[PDB]
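Below are the chains, spelled out letter by letter.
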Amino acid sequence: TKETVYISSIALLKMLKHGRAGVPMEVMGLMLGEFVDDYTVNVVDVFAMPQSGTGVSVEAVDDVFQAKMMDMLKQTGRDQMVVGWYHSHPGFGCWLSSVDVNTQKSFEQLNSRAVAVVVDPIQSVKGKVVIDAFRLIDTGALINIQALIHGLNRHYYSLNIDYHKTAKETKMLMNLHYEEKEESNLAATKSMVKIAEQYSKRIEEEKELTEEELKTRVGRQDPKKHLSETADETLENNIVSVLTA
Amino acid sequence: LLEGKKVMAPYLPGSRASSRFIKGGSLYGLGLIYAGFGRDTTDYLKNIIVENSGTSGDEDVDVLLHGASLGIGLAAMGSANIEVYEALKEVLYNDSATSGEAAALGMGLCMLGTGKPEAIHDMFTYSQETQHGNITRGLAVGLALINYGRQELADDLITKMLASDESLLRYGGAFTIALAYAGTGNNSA
Amino acid sequence: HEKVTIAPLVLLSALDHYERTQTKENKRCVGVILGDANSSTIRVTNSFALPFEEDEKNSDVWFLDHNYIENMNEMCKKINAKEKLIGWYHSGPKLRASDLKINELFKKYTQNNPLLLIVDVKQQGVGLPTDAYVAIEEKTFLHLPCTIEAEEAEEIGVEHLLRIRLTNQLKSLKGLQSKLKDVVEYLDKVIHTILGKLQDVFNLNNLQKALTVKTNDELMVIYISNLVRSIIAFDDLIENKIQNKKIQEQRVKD
């Protein structure tokens, strides 16, 4: 019931990339990973099904290309379990499709269990992520139990996602931002070009405050607030330039 | 100190149960009474463990293993028997998130104390080595277990645990530092 | 010239490839890289491990098939048309002339002269664990600088990772360190032209002029905010406890 999903952020972003552009369509395709003992949903990989001009369906799944890949992937050494289903569900918290369920449901057959990964690629882009994976049924549970034996299990029923990568790509990630020296000091020592503004910016701060202080004579805009946050933003940015000179 | 066994007797293995896990519960549930005093039954169970140790990935067994793998170090706690550690070590190494988890504990329970660094290595090794959340996790405990009162001792592993990217080592490190420094405050710690 | 985007998504799996392939320094895990190569900026969408064999016991000796790419691109196409082959990667971290041969294979498969990609599978030093090359001529090949795009989709899951100035200094040595040596290297390596090519820009220093005063003059105002920077502090937190304690220290009724 508390179940451990694990993603290759690669596969994550791979999907995202595929999913981000996938709008409108729910993106479709494999989900490469495994289950380490229980709870454990591993993902090394995933991939697009190629566009479905029939849209997402239990049908639109083609296992040809997977094998093709999977071979070339096997050739790549790339091999996993297909662990479930991940699609791009514009403005969808909700649930994907009972179809998608049935789609998966047909498929989680092929596993002990699978997922259908909810993604709103819209709501994903927010700088935080929007996502879920359903697989709606249990063994018992973390062992949930009753509605299955009582039949009629339907719901959202998420799984519990996680993922892992490494400190390795983390670097290569945080490598984002020769280099620094070329990248940094010296690369943005450009200031003085704006000294006028840099003045004027600082200049403008002044006025805002006589104003602000004045009200001292209720709630925010308060006479002693934006003052610092204002005259404090031009203080530093104006000191960093000194490093160059 | 008697009946509890007889209490578990109906739910002991070989008296079957409804569930293997019910059947497993006695195993652990046993030493609850007998902690320190049931080592024999424990070792007996350990034998049953040892019996199923190197095999039988049945969840039923796993639990049966696990529930035993629970009750083993339970009584064996504070009792240093490599076997306890050992028999689990592979039960551990058998990598049943079910079973090997309890192993990650009982083994510690065995060597809970200064324990041995080699387990520590291996634990710490297995930790990173063994692939599971919890199996990896509970190892931290056994570390913390077999790092107990040691204080300055485990600091390296602590540091190593500290050095863990993962919680789990860092995680246990705290407990380790606890079982090391628990009670008396080491301010720095 | 066409200097290029970088797909982290690539970068990641790329090492997985290296990882998956268990490639070692003996080896370089090689593969396609994907994007669209037209513009004076090229993009890396993606990239694909080319199941491969490398032997430097005999340089030119190594094994690869294209026909991956063949079936690959199909699916890639079927996946996306925009895959269009920009080039390829390998592990690296460094070149081996057989690369050149290997490079030219893709020339058949690419629009422009295709794109090499080095990776530092150990990501060791610095910005990029990576180089991308295009052949040339007296052969030429070259690194055009490259970098990441958005891929905020990336950047978001990215965000789930991590978690002011002195650095900026720190590289100060670095190039200089090598640099002088790099002469003394090539000096006493060949004891080329590009070094003198550097030599000129050197005087681009002691360059400073009473324009310096401007700085001083400038720095002044920078500080003017000082009395203001903490003025609000000067005024703000001091007269704040006098209204809460007098209220309170005296509150103290019954």
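Residues numbered from 1 in each chain as written, not as in the entry; some residues may be left out. Chains lettered and ligands numbered in written order. Part of a larger assembly, values for the part shown. Heavy atoms only, no water. Residues with missing side-chain atoms left out of burial classes, pairs and counts.

What the entry reports as its method is cryo-EM, with 4.8 Å given for the resolution.

Caption draft 1: Up close: the pairing of strand β6 (residues 116-119) of chain A. Residue and element names in this part refer to chain A. Side chains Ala116 and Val118 of β6 all project onto a buried face; the interleaved residues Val117 and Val119 project onto the opposite face, where all are buried too. In this fold, the crossover linking strand β5 (residues 85-86) to β6 by way of helix α3 (residues 98-108) has right-handed handedness. Looking at chain direction, β6 and strand β7 (residues 131-134) are connected through 4 bridges and run antiparallel. Directly across from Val119, in β7, lies its bridge partner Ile131. (Buried < 20%, exposed > 50% of the residue type's maximum accessible area, 1.4 Å probe, protein only. Helix = DSSP H or I, 4+ residues; strand = E, 2+ residues; numbered from the N terminus. Right-handed = clockwise from strand over helix to strand, strands pointing away. Pairing = 2+ DSSP bridges.)

Caption draft 2: Summary view of the sheet that holds strand β3 (residues 43-49) of chain C. Residue and element names in this part refer to chain C. With antiparallel pairing, 3 strands are arranged side by side in an open sheet as β3-β2-β6. With partners counted over all chains shown, the strands left at the sheet margins are β3 and β6 (87-89), one partner each. Taking each pair of neighbouring strands and ignoring which way they run, the sheet shows an average axis angle of 35°. With 6 bridges joining them, strand β2 (residues 31-36) and β3 adopt antiparallel strand pairing. Bridge pairing in β3 places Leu34 opposite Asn46. (Axes fitted to C-alpha atoms, helices over the stretch in contact; angles between N-to-C directions.)

Caption draft 3: Just helix α4 (residues 59-76) of chain B, in detail. Residues and elements named next belong to chain B. With 18 residues, α4 ought to run about 26 Å at 1.5 Å a step, and its terminal C-alpha atoms sit 24 Å apart, in line with that. Burial of α4 is extensive: 15 of the 18 residues sit out of reach of the surface. Trailing α4 by a residue or two, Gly78 shows a phi angle of about 80°, which is positive. (Expected span 1.5 Å × (residues − 1).)

Caption draft 4: Structural detail: empty space enclosed by the protein. Residues and elements named next belong to chain A. Here the largest cavity defines a volume of roughly 100 Å³. Surrounding the largest cavity, 14 residues form its lining, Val5, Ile7, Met31, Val117 and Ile161 being those nearest its centre. Those elements giving two or more residues to the lining of the largest cavity turn out to be β3 (40-46) and β7. Looking at which element gives the most residues to the lining of the largest cavity, the answer is β7, with 3 residues. For the lining of the largest cavity, the class distribution of residues is 13 nonpolar, no polar and 1 charged. (1 Å grid on protein atoms, 1.4 Å probe; cavity = no way out; pocket = protein on both sides within 12 Å on 5 of 7 lines; lining within 4 Å. Points joined across faces, edges and corners; volume = space filled by probe spheres on them. Nonpolar A, V, L, I, M, F, W, Y, C, P; charged D, E, K, R; others polar.)

Caption draft 5: Region of the structure containing the interface of chain A and chain C. Chain A puts 63 residues into the contact, and the matching count from chain C is 69 residues. Contributions of two or more residues to the side of chain A that touches chain C are made by α1 (9-22), α2 (63-76), α6 (167-174), α7 (179-183), α8 (195-214), α9 (226-231) and α10 (233-236) of chain A. (Contact = heavy atoms within 4.5 Å.)

Caption draft 6: View of unusual backbone geometry. All names here are of chain A. Following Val23, the chain continues into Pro24 via a peptide bond in cis, with omega recorded as 5°. Structurally, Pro24 can be placed in the loop between α1 and β2 (31-34). Here the amide bond leading from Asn185 into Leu186 is cis, since omega sits at 20°, within 30 degrees of zero. In this structure, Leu186 sits in the loop between α7 and α8. The phi torsion at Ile143 lies on the positive side, around 45°, for a residue other than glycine. Topologically, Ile143 is positioned in the loop between β7 and α5 (145-149).

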